[PDB]
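A.B. asks: Provided herewith: model_24.cif, mmCIF, N, CA, C and O atoms.
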data_data
loop_
_atom_site.label_atom_id
_atom_site.label_comp_id
_atom_site.auth_asym_id
_atom_site.auth_seq_id
_atom_site.Cartn_x
_atom_site.Cartn_y
_atom_site.Cartn_z
N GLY P 1 133.87 95.77 70.02
CA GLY P 1 134.75 95.00 70.88
C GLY P 1 133.96 94.34 72.02
O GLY P 1 132.85 94.76 72.33
N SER P 2 134.57 93.33 72.61
CA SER P 2 133.94 92.61 73.71
C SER P 2 134.89 92.56 74.91
O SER P 2 134.54 93.03 75.99
N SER P 3 136.06 91.99 74.68
CA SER P 3 137.06 91.87 75.73
C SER P 3 138.42 92.35 75.21
O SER P 3 138.72 92.22 74.03
N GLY P 4 139.21 92.89 76.13
CA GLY P 4 140.53 93.38 75.79
C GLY P 4 141.27 93.86 77.03
O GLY P 4 141.44 95.07 77.23
N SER P 5 141.70 92.90 77.84
CA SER P 5 142.43 93.22 79.06
C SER P 5 143.82 92.58 79.02
O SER P 5 143.97 91.44 78.57
N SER P 6 144.79 93.33 79.50
CA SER P 6 146.16 92.85 79.53
C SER P 6 146.65 92.56 78.10
O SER P 6 145.84 92.26 77.22
N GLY P 7 147.95 92.67 77.92
CA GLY P 7 148.55 92.42 76.62
C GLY P 7 149.73 91.45 76.73
O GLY P 7 150.87 91.87 76.94
N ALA P 8 149.42 90.17 76.60
CA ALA P 8 150.44 89.14 76.68
C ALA P 8 150.71 88.58 75.28
O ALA P 8 150.05 88.96 74.32
N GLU P 9 151.67 87.67 75.22
CA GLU P 9 152.04 87.06 73.96
C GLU P 9 152.08 85.53 74.10
O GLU P 9 153.09 84.98 74.54
N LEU P 10 150.98 84.90 73.73
CA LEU P 10 150.88 83.45 73.81
C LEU P 10 151.81 82.82 72.77
O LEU P 10 152.77 82.15 73.12
N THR P 11 151.48 83.07 71.51
CA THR P 11 152.27 82.53 70.41
C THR P 11 152.07 83.37 69.15
O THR P 11 151.17 84.21 69.10
N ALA P 12 152.92 83.11 68.17
CA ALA P 12 152.85 83.84 66.91
C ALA P 12 151.42 83.75 66.36
O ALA P 12 150.92 84.71 65.78
N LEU P 13 150.82 82.59 66.55
CA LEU P 13 149.46 82.36 66.08
C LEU P 13 148.49 83.20 66.91
O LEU P 13 147.88 84.14 66.41
N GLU P 14 148.37 82.82 68.18
CA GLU P 14 147.48 83.52 69.09
C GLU P 14 147.61 85.04 68.89
O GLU P 14 146.61 85.72 68.69
N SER P 15 148.84 85.51 68.95
CA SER P 15 149.11 86.93 68.77
C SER P 15 148.29 87.48 67.60
O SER P 15 147.62 88.50 67.74
N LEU P 16 148.37 86.77 66.49
CA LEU P 16 147.65 87.17 65.29
C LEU P 16 146.15 87.22 65.60
O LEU P 16 145.48 88.20 65.30
N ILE P 17 145.67 86.13 66.19
CA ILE P 17 144.26 86.03 66.54
C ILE P 17 143.85 87.28 67.33
O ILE P 17 142.71 87.74 67.21
N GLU P 18 144.79 87.80 68.10
CA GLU P 18 144.53 88.98 68.90
C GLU P 18 144.18 90.16 68.00
O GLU P 18 143.67 91.18 68.47
N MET P 19 144.47 90.00 66.72
CA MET P 19 144.19 91.04 65.75
C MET P 19 142.82 90.84 65.11
O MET P 19 142.48 91.51 64.14
N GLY P 20 142.06 89.92 65.69
CA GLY P 20 140.73 89.62 65.19
C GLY P 20 140.80 88.83 63.88
O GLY P 20 139.86 88.86 63.09
N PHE P 21 141.92 88.15 63.69
CA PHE P 21 142.12 87.36 62.49
C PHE P 21 141.66 85.91 62.71
O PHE P 21 141.69 85.41 63.83
N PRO P 22 141.24 85.27 61.58
CA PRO P 22 140.78 83.89 61.64
C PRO P 22 141.95 82.93 61.79
O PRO P 22 142.98 83.09 61.13
N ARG P 23 141.76 81.95 62.66
CA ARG P 23 142.79 80.96 62.91
C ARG P 23 143.27 80.35 61.59
O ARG P 23 144.46 80.44 61.26
N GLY P 24 142.34 79.75 60.87
CA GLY P 24 142.65 79.13 59.60
C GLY P 24 143.68 79.96 58.82
O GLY P 24 144.63 79.42 58.27
N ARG P 25 143.44 81.27 58.81
CA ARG P 25 144.33 82.18 58.11
C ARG P 25 145.68 82.25 58.83
O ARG P 25 146.70 81.80 58.30
N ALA P 26 145.65 82.83 60.02
CA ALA P 26 146.86 82.97 60.82
C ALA P 26 147.70 81.70 60.69
O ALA P 26 148.85 81.75 60.27
N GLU P 27 147.08 80.58 61.07
CA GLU P 27 147.76 79.30 61.01
C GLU P 27 148.33 79.07 59.61
O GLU P 27 149.53 78.84 59.46
N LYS P 28 147.45 79.14 58.63
CA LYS P 28 147.85 78.94 57.25
C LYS P 28 149.04 79.85 56.93
O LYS P 28 150.06 79.39 56.43
N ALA P 29 148.86 81.13 57.23
CA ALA P 29 149.90 82.11 56.99
C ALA P 29 151.18 81.68 57.71
O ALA P 29 152.19 81.38 57.07
N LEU P 30 151.10 81.66 59.03
CA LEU P 30 152.24 81.28 59.84
C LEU P 30 152.94 80.08 59.20
O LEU P 30 154.15 80.10 58.99
N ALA P 31 152.14 79.06 58.91
CA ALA P 31 152.67 77.85 58.30
C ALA P 31 153.29 78.20 56.95
O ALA P 31 154.44 77.84 56.68
N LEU P 32 152.51 78.90 56.13
CA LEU P 32 152.97 79.30 54.81
C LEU P 32 154.33 79.99 54.95
O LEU P 32 155.28 79.64 54.24
N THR P 33 154.38 80.96 55.85
CA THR P 33 155.61 81.70 56.08
C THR P 33 156.69 80.78 56.66
O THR P 33 157.84 80.82 56.22
N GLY P 34 156.28 79.98 57.63
CA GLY P 34 157.20 79.05 58.27
C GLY P 34 157.33 79.36 59.76
O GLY P 34 158.42 79.26 60.33
N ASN P 35 156.20 79.71 60.37
CA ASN P 35 156.18 80.03 61.78
C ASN P 35 157.43 80.84 62.14
O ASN P 35 158.19 80.45 63.03
N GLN P 36 157.60 81.94 61.43
CA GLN P 36 158.74 82.81 61.67
C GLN P 36 158.37 83.92 62.66
O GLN P 36 159.11 84.16 63.62
N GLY P 37 157.24 84.55 62.41
CA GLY P 37 156.76 85.62 63.27
C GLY P 37 155.48 86.24 62.72
O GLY P 37 154.93 85.77 61.72
N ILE P 38 155.04 87.30 63.38
CA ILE P 38 153.83 87.99 62.97
C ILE P 38 154.11 88.76 61.67
O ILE P 38 153.56 88.42 60.63
N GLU P 39 154.95 89.77 61.79
CA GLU P 39 155.31 90.58 60.64
C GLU P 39 155.45 89.71 59.39
O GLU P 39 154.89 90.02 58.34
N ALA P 40 156.19 88.62 59.55
CA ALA P 40 156.41 87.70 58.45
C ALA P 40 155.07 87.16 57.96
O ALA P 40 154.76 87.22 56.77
N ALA P 41 154.29 86.65 58.91
CA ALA P 41 152.99 86.10 58.60
C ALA P 41 152.11 87.20 57.98
O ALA P 41 151.66 87.07 56.85
N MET P 42 151.90 88.25 58.76
CA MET P 42 151.09 89.37 58.30
C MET P 42 151.33 89.65 56.82
O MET P 42 150.38 89.71 56.04
N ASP P 43 152.60 89.81 56.48
CA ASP P 43 152.97 90.08 55.10
C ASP P 43 152.12 89.23 54.16
O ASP P 43 151.53 89.74 53.21
N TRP P 44 152.07 87.94 54.47
CA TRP P 44 151.30 87.01 53.66
C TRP P 44 149.84 87.46 53.70
O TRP P 44 149.24 87.72 52.65
N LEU P 45 149.30 87.53 54.90
CA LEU P 45 147.92 87.94 55.09
C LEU P 45 147.64 89.17 54.22
O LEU P 45 146.87 89.11 53.27
N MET P 46 148.29 90.27 54.59
CA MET P 46 148.13 91.52 53.86
C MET P 46 148.12 91.27 52.35
O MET P 46 147.35 91.89 51.62
N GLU P 47 148.98 90.36 51.92
CA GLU P 47 149.09 90.03 50.51
C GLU P 47 147.85 89.25 50.06
O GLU P 47 147.33 89.49 48.97
N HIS P 48 147.41 88.34 50.92
CA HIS P 48 146.24 87.53 50.62
C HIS P 48 144.99 88.23 51.16
O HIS P 48 143.92 87.61 51.25
N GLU P 49 145.15 89.50 51.49
CA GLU P 49 144.04 90.28 52.02
C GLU P 49 142.85 90.21 51.07
O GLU P 49 141.71 90.41 51.48
N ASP P 50 143.15 89.93 49.81
CA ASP P 50 142.11 89.83 48.79
C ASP P 50 142.13 88.43 48.19
O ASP P 50 141.71 88.23 47.05
N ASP P 51 142.62 87.48 48.98
CA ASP P 51 142.70 86.10 48.53
C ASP P 51 141.42 85.74 47.77
O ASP P 51 140.34 86.22 48.09
N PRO P 52 141.60 84.87 46.73
CA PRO P 52 140.47 84.44 45.92
C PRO P 52 139.61 83.43 46.67
O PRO P 52 138.39 83.39 46.49
N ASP P 53 140.27 82.64 47.50
CA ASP P 53 139.58 81.63 48.28
C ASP P 53 140.49 81.15 49.42
O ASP P 53 141.11 80.09 49.31
N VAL P 54 140.54 81.95 50.47
CA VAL P 54 141.36 81.62 51.62
C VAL P 54 140.77 80.40 52.34
O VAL P 54 141.49 79.67 53.02
N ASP P 55 139.47 80.23 52.16
CA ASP P 55 138.77 79.12 52.78
C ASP P 55 137.72 78.58 51.81
O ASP P 55 136.53 78.85 51.97
N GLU P 56 138.19 77.82 50.83
CA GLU P 56 137.30 77.24 49.84
C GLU P 56 136.14 76.52 50.52
O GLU P 56 136.28 76.03 51.64
N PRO P 57 134.99 76.48 49.80
CA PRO P 57 133.80 75.83 50.33
C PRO P 57 133.93 74.31 50.26
O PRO P 57 134.48 73.77 49.30
N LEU P 58 133.43 73.65 51.30
CA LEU P 58 133.49 72.20 51.37
C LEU P 58 132.06 71.64 51.32
O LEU P 58 131.55 71.16 52.33
N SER P 59 131.47 71.71 50.13
CA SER P 59 130.12 71.21 49.94
C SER P 59 129.67 71.47 48.50
O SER P 59 129.26 70.55 47.80
N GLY P 60 129.76 72.73 48.10
CA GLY P 60 129.37 73.12 46.76
C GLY P 60 128.22 74.14 46.80
O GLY P 60 127.49 74.22 47.78
N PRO P 61 128.10 74.91 45.68
CA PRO P 61 127.06 75.92 45.58
C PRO P 61 125.70 75.28 45.32
O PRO P 61 125.42 74.83 44.21
N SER P 62 124.89 75.25 46.37
CA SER P 62 123.56 74.66 46.27
C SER P 62 122.50 75.76 46.41
O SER P 62 121.95 75.96 47.49
N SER P 63 122.24 76.44 45.30
CA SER P 63 121.26 77.50 45.29
C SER P 63 121.63 78.58 46.31
O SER P 63 122.45 78.33 47.20
N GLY P 64 121.02 79.74 46.16
CA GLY P 64 121.27 80.85 47.06
C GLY P 64 122.43 81.71 46.55
O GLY P 64 123.58 81.49 46.93
#
Take the structure I supplied and represent it as structure tokens, if you would.
C.D. replies:
Amino acid sequence: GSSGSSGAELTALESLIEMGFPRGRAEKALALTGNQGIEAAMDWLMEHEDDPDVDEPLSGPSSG
């Protein structure tokens, strides 16, 4: 951990981020769910916890 003071609620998204989650995901989830809430979003996340490609590569496999 680095920082963790006070416990506020910015937004359904931010809140998620507070869980150390990636924006792209949270956002995607929230959006996917329909910006309903965390629990709702999380459900998706947890489900996509093993997503095949939550963030597909934008370039291609170039060796390595």
A.B. asks: I'd like the interatomic distance between CA of residue 12 in chain P and CA of residue 53 in chain P, to a tenth of an Å.
C.D. replies: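 Between CA of residue 12 in chain P and CA of residue 53 in chain P the gap is 23.0 Å.
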A.B. asks: Measuring between only C-alpha atoms, which one of P:60, P:26, P:52, P:2 shows the shortest distance to residue 40 in chain P?
C.D. replies: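 Counting only C-alpha atoms, the residue closest to residue 40 in chain P is P:26.
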A.B. asks: Residues picked by the PyMOL selection byres ((chain P and resi 16-25) around 8) here, as an MDAnalysis selection string?
C.D. replies: chainID P and resid 3 8 10:15 26:32 38 41:42 44:45 54:55
A.B. asks: Can you tell me, as JSON, the centre and edge lengths (Å, one decimal) of the axis-aligned box enclosing all of range 6-20 of chain P's listed atoms after padding each side by 8 Å?
C.D. replies:
{"center_x": 146.5, "center_y": 87.7, "center_z": 71.3, "size_x": 29.2, "size_y": 27.2, "size_z": 32.4}
A.B. asks: Go ahead and compute the interatomic distance for CA of residue 43 in chain P and CA of residue 5 in chain P, in Å to one decimal.
C.D. replies: 26.4 Å
A.B. asks: Could you jot down the CA of residue 56 in chain P to atom N of residue 34 in chain P separation for me, Å, one decimal place?
C.D. replies: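 Separation between CA of residue 56 in chain P and atom N of residue 34 in chain P: 20.7 Å.
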A.B. asks: For the helix (DSSP H, G or I) assignment from backbone DSSP, which residues of chain P qualify? Please present them as an MDAnalysis selection string.
C.D. replies: chainID P and resid 12:17 23:33 38:48
